[PDB]
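In: Fold the following and give me the result.
(8 chains, ligands or ions: 66)
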Amino acid sequence: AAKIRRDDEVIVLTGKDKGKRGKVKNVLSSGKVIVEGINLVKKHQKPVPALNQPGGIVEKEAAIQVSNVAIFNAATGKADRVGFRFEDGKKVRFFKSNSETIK
Amino acid sequence: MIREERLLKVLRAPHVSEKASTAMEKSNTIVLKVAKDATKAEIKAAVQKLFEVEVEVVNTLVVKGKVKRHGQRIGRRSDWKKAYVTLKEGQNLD
Amino acid sequence: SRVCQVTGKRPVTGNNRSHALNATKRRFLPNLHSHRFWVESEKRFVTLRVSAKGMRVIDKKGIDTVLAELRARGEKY
Amino acid sequence: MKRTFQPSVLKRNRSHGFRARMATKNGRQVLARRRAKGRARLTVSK
Amino acid sequence: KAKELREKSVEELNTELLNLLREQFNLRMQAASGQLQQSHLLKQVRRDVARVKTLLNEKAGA
RNA sequence: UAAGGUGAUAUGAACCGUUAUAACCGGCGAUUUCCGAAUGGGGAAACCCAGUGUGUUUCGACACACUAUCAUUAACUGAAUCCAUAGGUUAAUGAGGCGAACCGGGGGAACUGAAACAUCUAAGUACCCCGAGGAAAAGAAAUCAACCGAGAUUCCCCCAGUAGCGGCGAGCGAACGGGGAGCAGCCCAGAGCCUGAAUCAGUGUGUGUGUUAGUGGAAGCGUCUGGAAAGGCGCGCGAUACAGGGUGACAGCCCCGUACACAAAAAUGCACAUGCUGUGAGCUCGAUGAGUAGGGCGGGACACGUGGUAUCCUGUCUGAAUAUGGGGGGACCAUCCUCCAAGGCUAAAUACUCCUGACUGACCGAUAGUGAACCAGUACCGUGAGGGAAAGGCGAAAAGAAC
RNA sequence: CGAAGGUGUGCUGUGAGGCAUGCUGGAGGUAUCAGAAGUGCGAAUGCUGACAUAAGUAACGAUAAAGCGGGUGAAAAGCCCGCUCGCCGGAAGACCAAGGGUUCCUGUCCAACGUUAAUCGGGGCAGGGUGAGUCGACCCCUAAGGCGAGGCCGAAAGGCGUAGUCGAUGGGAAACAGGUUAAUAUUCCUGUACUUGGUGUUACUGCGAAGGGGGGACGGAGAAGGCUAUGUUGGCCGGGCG
RNA sequence: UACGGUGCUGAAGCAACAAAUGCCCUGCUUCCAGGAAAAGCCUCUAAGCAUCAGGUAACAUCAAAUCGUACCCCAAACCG
Ligand SMILES: [Mg+2]
Ligand SMILES: [Mg+2]
Ligand SMILES: [Mg+2]
Ligand SMILES: [Mg+2]
Ligand SMILES: [Mg+2]
Ligand SMILES: [Mg+2]
Ligand SMILES: [Mg+2]
Ligand SMILES: [Mg+2]
Ligand SMILES: [Mg+2]
Ligand SMILES: [Mg+2]
Ligand SMILES: [Mg+2]
Ligand SMILES: [Mg+2]
Ligand SMILES: [Mg+2]
Ligand SMILES: [Mg+2]
Ligand SMILES: [Mg+2]
Ligand SMILES: [Mg+2]
Ligand SMILES: [Mg+2]
Ligand SMILES: [Mg+2]
Ligand SMILES: [Mg+2]
Ligand SMILES: [Mg+2]
Ligand SMILES: [Mg+2]
Ligand SMILES: [Mg+2]
Ligand SMILES: [Mg+2]
Ligand SMILES: [Mg+2]
Ligand SMILES: [Mg+2]
Ligand SMILES: [Mg+2]
Ligand SMILES: [Mg+2]
Ligand SMILES: [Mg+2]
Ligand SMILES: [Mg+2]
Ligand SMILES: [Mg+2]
Ligand SMILES: [Mg+2]
Ligand SMILES: [Mg+2]
Ligand SMILES: [Mg+2]
Ligand SMILES: [Mg+2]
Ligand SMILES: [Mg+2]
Ligand SMILES: [Mg+2]
Ligand SMILES: [Mg+2]
Ligand SMILES: [Mg+2]
Ligand SMILES: [Mg+2]
Ligand SMILES: [Mg+2]
Ligand SMILES: [Mg+2]
Ligand SMILES: [Mg+2]
Ligand SMILES: [Mg+2]
Ligand SMILES: [Mg+2]
Ligand SMILES: [Mg+2]
Ligand SMILES: [Mg+2]
Ligand SMILES: [Mg+2]
Ligand SMILES: [Mg+2]
Ligand SMILES: [Mg+2]
Ligand SMILES: [Mg+2]
Ligand SMILES: [Mg+2]
Ligand SMILES: [Mg+2]
Ligand SMILES: [Mg+2]
Ligand SMILES: [Mg+2]
Ligand SMILES: [Mg+2]
Ligand SMILES: [Mg+2]
Ligand SMILES: [Mg+2]
Ligand SMILES: [Mg+2]
Ligand SMILES: [Mg+2]
Ligand SMILES: [Mg+2]
Ligand SMILES: [Mg+2]
Ligand SMILES: [Mg+2]
Ligand SMILES: [Mg+2]
Ligand SMILES: [Mg+2]
Ligand SMILES: [Mg+2]
Ligand SMILES: [Mg+2]
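Out: Numbers count the residues shown, from 1 in each chain, chains lettered A, B, ... in the order given. Ligands and ions are numbered 1, 2, ... in the order given. Shown next is the structure:
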């Protein structure tokens, strides 16, 4: 009964990237998602001789709260909250605006 | 006759060591880590079947586990059993 | 154990009271005696550690009545 | 000087060990107190 | 494999159980050295021995 | 139930899964080493050593089952000793051990108070011991009352700090009666007559109601400040949902929930219903609990310390009547009233919380609150019983500082 | 657009106090009028924590003793190697039991630990190491003693004890020499033995116990005699001619 | 020659004397204070067994498990 899932396209509601969009890359068990290309941090990656990493300032994506994102409704061009209904005996997601089934 | 199911659970691992390399080339003796409740007859029956090699004698000893400290928490490794298995002459094993 | 087998008497506890009413705890032992009772039906003697009150009971009820009670109580004799 | 603790494992286990506690009634009450307190080492016995 | 092994006899499960345990031995000596580089096979065989041992107690004595 | 998983420190590795046996949750199962009542014998717990039987053997040996003690019953056996009995051997069933408090019983202090102290008090308290149940205990008048009557037991409020008890000191302290909670009565001491008739127990089934996973669950944007908006200022919207929590600062409308609406393949509680098994129901005529009541002596219990002391219990010695009879009505007697001991059973109101769920607090906020917010009954101390700590907070996010 | 708290300043009240504000702090605080208190600390040889003081003072644990060269190293009085010196030698050497439990060996590290430094260590970290038919235990046997079916006794708990069953510190089969590992050896290897059980043939034929007997099986002191361990000297062999 | 070592080769290997608190000796002598137990081991028969079982004798074969074994141990490792 998770509203935001893996291949979903979301928009960001709060934080330093209020308004940007992206695809969720993975959702974490702690109630966080990593959305592709948004919450960028610059990690000072320490070199390891074994494992062959040269070590640099790697810029990568940090997790963000699921509460901070909503599924982008590409029809209206906005964010919509997600409801659940049963269609053909199968639980599907739909947008709370305009009642259209999320696919 | 030792049952065939138990003989697969007797042997744990070969033990690599400087002493193990010496005993293999001089006295022609392999060094095995065995199960703790395994006796000498169970090891001799297992090596003669699972490795297909002729065992002359098996000497065993129990290795007491060391006491280590991970961080600041004390801990103790497991007691394990060690077997010097002397193969008969001409026999060879990897 | 100081227990009459017939009547079930038992050492109870009380007080020695002095003239100045000083109370020290004492015991009241029952007047137990081991006695061989002739059972006429079974034609043998049965020893019972019995008080003198219980010997008055055996003289009144009869040894057959009392040994019925001791088996119904579940007591060896 | 000769101090008051002269150890002997045989005498340690016959006097304070597990089966010496379980033998008598009061020793069984000792193990019930240590379980109620929640001791890691319930007796002397290794 | 609970559906597949259930459609076997007592002697076939006993044959299969003896073939799993040889594989468990052969993985363990391989993992004793640094040769085994698929660590999940130790868990898969160990789970599959448990499925065979489960069905033997069902078909026999139950 | 699911798109994500392979518990935590704790990354990584190798993998699994994405429409359904990946994982996860619940029900019933399976496995369940060794020690421990430990139960085959032993033992310095987690070890040592067997016996018997049925199986396997590549004859080297393996695997499995059983074997404690006691009680009861049954079978068989069986002395001195003829029968017999004791004893013996099997078999079956049961018990054993643990656990916080509450309960009943067997034992039972002292410090203390008395401004000392011995009677007394503390107090049938602490403690020890035994036994039991979800409650136990008590319980269906040989009870009160006062010439009117009440109608088993237990509990609460009164009566009343009264009447009394007491080195008449310190203290101890009712009952009758009244108001409530709760209410229920029965059976054997025995025969018949009618025969399965009441009720209860056990075991099924069926139905309802729970419990043990779950499902749906409303409605917000703009702008300003700011690292970040849930804040400010606008403008809306939901509400049988403004309980609560989380989200980068304070969110009804972002998230999780909440109100409300539902949901169980399987197991199970409780109700009913009913089947079966066992149990007797009703009527009549009887019968009506003896080493007992009472007494002497010594103690104990009753608020009642032997006092003028009734009543209750019994260690000891005695010892009735027995319904035309007996017990009680606070020495005792008479009259009158009331009741029927020496056989039993019984729900409710009552007591408690190791434990589970939900919620609450003019309760605490890390020297507090549990000893313990943290790998705490740990470290440590002690031969041992036993004693017993200290120690919370980077940030919104490790972006935990490449070079 | 900066709460509590912290730290200043200014002002104000008769006092306990109050108000405003700078800085720090970075998220709570709370008028008024009522209500309730774990409501105010300098003392209790108070309790807990932190920090002073004496004071960079006493001391640095046997008066068996050191000196130098070389090495390693960031650094050497202390480590390693070498040559001298000194000390023990019925121990300050060697082997165990008891007890401890990895302190053993090797690599690596020097923060803490070591009464100084430390490259060193019984310190940290990682790896390695304990091999048995004969050693020891287990086991067979019992002592003192413990437990103890029944039993006897006791308010309960329990006490004592028979048959039994435990319990060594004593009784009971057998392995030595040489070699070897960084670390084990009567355990490994080489050589040469030994003991007790199984089964199996062959010859032989009174076997049989929970019973009977023998043996095991026993003190103190003293006296010699015979030896050996071991030592000294000679011989012998090898080296030496200062 | 990793200066630690490792490999190879190898003479003589006798006698006398002294000599224990060790061994014969669990002896011997002597004294009074009068000096464990049980099994292994040896032997005797009881019921039993009757040409079978068992007994010892030789030979062959098999078995001898399990646990301990490092290190200090008059000490820097044990009790202080
Ligand atoms: Mg060998
Ligand atoms: Mg060994
Ligand atoms: Mg008194
Ligand atoms: Mg992980
Ligand atoms: Mg046992
Ligand atoms: Mg036992
Ligand atoms: Mg035994
Ligand atoms: Mg007193
Ligand atoms: Mg007083
Ligand atoms: Mg009751
Ligand atoms: Mg009337
Ligand atoms: Mg839901
Ligand atoms: Mg919702
Ligand atoms: Mg949010
Ligand atoms: Mg903030
Ligand atoms: Mg009667
Ligand atoms: Mg009557
Ligand atoms: Mg009376
Ligand atoms: Mg009377
Ligand atoms: Mg009287
Ligand atoms: Mg009297
Ligand atoms: Mg009387
Ligand atoms: Mg009655
Ligand atoms: Mg605290
Ligand atoms: Mg604090
Ligand atoms: Mg504390
Ligand atoms: Mg200790
Ligand atoms: Mg500021
Ligand atoms: Mg506050
Ligand atoms: Mg301030
Ligand atoms: Mg401030
Ligand atoms: Mg807050
Ligand atoms: Mg205060
Ligand atoms: Mg202060
Ligand atoms: Mg003061
Ligand atoms: Mg003070
Ligand atoms: Mg000081
Ligand atoms: Mg100073
Ligand atoms: Mg000075
Ligand atoms: Mg000075
Ligand atoms: Mg000085
Ligand atoms: Mg000095
Ligand atoms: Mg130098
Ligand atoms: Mg020096
Ligand atoms: Mg030197
Ligand atoms: Mg260490
Ligand atoms: Mg060392
Ligand atoms: Mg080192
Ligand atoms: Mg330094
Ligand atoms: Mg230092
Ligand atoms: Mg070290
Ligand atoms: Mg030996
Ligand atoms: Mg004895
Ligand atoms: Mg007994
Ligand atoms: Mg005894
Ligand atoms: Mg014995
Ligand atoms: Mg010994
Ligand atoms: Mg011995
Ligand atoms: Mg050594
Ligand atoms: Mg004899
Ligand atoms: Mg002598
Ligand atoms: Mg000589
Ligand atoms: Mg010269
Ligand atoms: Mg050694
Ligand atoms: Mg020494
Ligand atoms: Mg010393």
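
In: What is the neighbour count of residue B:91?
Out: Burial of residue B:91 is recorded as 15 neighbouring residues (other CB atoms under 10 Å in any protein chain shown). For every residue, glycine as well, the C-beta is placed using N, CA and C.

In: For it, give its distance to residue B:16.
Out: 20 Å (CB to CB, to the nearest Å).

In: cool, and residue C:27?
Out: 80 Å.

In: what ranges do the strands span in chain A?
Out: A:9-12, A:21-28, A:32-35, A:40-44, A:57-61, A:64-65, A:69-73, A:78-80, A:82-87, A:90-95 (DSSP state E).

In: List the buried residues of the third one.
Out: For strand A:32-35, burial by neighbour count (16 or more other CB atoms under 10 Å in any protein chain shown) applies to A:32, A:33, A:34, A:35.

In: Pairing partners for that strand, with directions?
Out: Strand A:32-35 has the following strand partners under DSSP bridges: strand A:21-28 (antiparallel), strand A:64-65 (antiparallel).

In: picking that back up, now the buried residues of strand A:32-35 in a markdown table, with distance to RNA strand G?
Out: As requested, the buried residues of strand A:32-35 are exported to a markdown table (distance: CB to the nearest atom of the strand, whole Å):
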| residue | distance to RNA strand G |
| --- | --- |
| A:32 | 21 |
| A:33 | 25 |
| A:34 | 26 |
| A:35 | 26 |
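
In: For the residue in chain D that ligand 14 sits nearest to, grab phi and psi.
Out: Ligand 14 sits closest to residue D:38 of chain D, with a gap of 43.5 Å, by CB to the ion. Main-chain dihedrals, residue D:38, degrees, to the nearest 10: phi 90, psi 40.

In: And residue B:91, by the same measure?
Out: According to degrees, to the nearest 10, residue B:91 has phi -70, psi 150.

In: From residue E:51, how far out is it?
Out: Between residue B:91 and residue E:51 the distance is 38 Å, computed by CB to CB.

In: one step back: nearest to chain B, of the buried residues of strand A:32-35?
Out: Each of the buried residues of strand A:32-35 was checked against chain B using CB to the nearest CB; the closest is residue A:32, at 28.6 Å.

In: thought that closest one was touching residue A:67?
Out: No. Residue A:32 lies out of contact with residue A:67 (CB atoms under 8 Å); the separation is 9.6 Å.

In: Is the residue nearest the centre of chain B within a helix or a strand, and which one?
Out: Nearest to the mean C-alpha position of chain B, by CA atoms, centre = their mean, lies residue B:32 at 2.2 Å. Using DSSP states H and E, residue B:32 sits in strand B:29-34.

In: then that strand to PDB, C-alphas only?
Out: The C-alpha trace of strand B:29-34 is given here as PDB (Å, rounded to 0.1, in the frame of the first residue of the first chain):
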ATOM      1  CA  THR B  29      50.100 -36.000   6.400                       C
ATOM      2  CA  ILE B  30      47.200 -33.700   5.700                       C
ATOM      3  CA  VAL B  31      45.700 -31.400   8.300                       C
ATOM      4  CA  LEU B  32      42.000 -31.100   8.500                       C
ATOM      5  CA  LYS B  33      39.500 -29.000  10.400                       C
ATOM      6  CA  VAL B  34      36.900 -31.600  11.600                       C
END
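
In: got the contact list for it?
Out: Counting by CB atoms under 8 Å, 6 or more residues apart in numbering or on different chains, strand B:29-34 makes contact with B:10-15, B:17, B:19-20, B:23-24, B:43, B:47, B:60, B:80-87, B:93, E:32, all of which sit outside it.

In: Buried subset of those as a PyMOL selection?
Out: To isolate the buried members of the contacts of strand B:29-34 in PyMOL, using 16+ other CB under 10 Å:
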select buried, (chain B and resi 10+11+12+14+15+20+23+24+43+47+80+81+82+83+84+85+86+87) or (chain E and resi 32)
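
In: Counting only strands, which of the contacts of strand B:29-34 make the cut?
Out: Those of the contacts of strand B:29-34 lying in strands (DSSP E): B:11-14, B:60, B:80-87.

In: Return the closest of the residues you listed with respect to RNA strand H.
Out: residue B:60 (5.4 Å; CB to the nearest atom of the strand).

In: returning to what we had before: would you point out the most distant pair within the buried residues of strand A:32-35?
Out: A:32 and A:35 (10.0 Å; CB to CB).

In: so is the residue lying farthest from the centre of chain C in a helix, a strand, or just coil?
Out: In chain C, residue C:20 marks the outermost C-alpha relative to the chain mean, sitting 34.2 Å out by CA atoms, centre = their mean. Recorded secondary structure, residue C:20: coil (DSSP: H, G, I helix; E, B strand; the rest coil).

In: So stretch E:45-62, near chain B or not?
Out: No. Stretch E:45-62 does not reach chain B (CB under 8 Å from any CB of the partner chain); its nearest approach is 10.5 Å.

In: Flag every buried residue along that stretch.
Out: Within stretch E:45-62, the residues that count as buried by 16+ other CB under 10 Å are E:45, E:48, E:49, E:51, E:52, E:55, E:56.

In: Reformat the residues you listed as a markdown table; add secondary structure.
Out: As requested, those are arranged in a markdown table below (three-state DSSP):
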| residue | secondary structure |
| --- | --- |
| E:45 | helix |
| E:48 | helix |
| E:49 | helix |
| E:51 | helix |
| E:52 | helix |
| E:55 | helix |
| E:56 | helix |
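
In: what's the offset of stretch C:3-22 from the middle of its chain?
Out: Offset of stretch C:3-22 from its chain centre (CA atoms, centre = their mean, to the nearest Å): 15 Å.

In: Since that was my last question, I'll sign off now.
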